[PDB]
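In the form deposited in one PDB entry, a lone chain appears below as structure tokens.
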């Protein structure tokens, strides 16, 4: 559901401010988040990946390192309105994307790659929202 992807995006972004008084980042990132679900948009700023990883770690979906906590990621989805089957589809995609993106000590760059892959698969389902 697009409606459910919108609420998940909004709620994922609530932790963002805060991250900011904790990593201190820029208007390039706000532009990337604003554009995230636009078709064909490409994220080019490394520090957007840092933001996503900060966000996810604050929500307990990433560990110290960047392996997804599947259980906590399911719980986030369900918290913000995914039913069991949508949540399980989402986790599978993120897990597929971790497997497919190359190892990188640079976790900010690793995150961008996973997050690109994720966005792509969400478009393929027609679940990318108009953040409107």
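Residue numbers count along the first chain shown, from 1. Basically, rigid core = biggest C-alpha set you can superpose within 1.5 Å across the two forms.
Not pictured, yet referred to below: the form deposited in another entry.
After superposition on the rigid core, the C-alpha displacement between the shown form and the other one reaches 2 Å or more for just one residue among 38, 95, 107, 46, namely 38. Residue displacement note: residue 23 has its CA displaced by at least 2 Å between the shown form and the other one (rigid core superposed). Relative to the superposed core, residue 61 shifts its CA atom by 2 Å or more between the shown form and the other one. Superposed on the core, the two forms barely differ at residue 118: its CA moves less than 2 Å between the shown form and the other one. A change of 3 Å or more separates the two forms for residue 85 and residue 64: their C-alpha atoms lie closer together in the other entry. The distance between the CA atoms of residue 107 and residue 74 is at least 3 Å longer in the other entry than in the form shown here.
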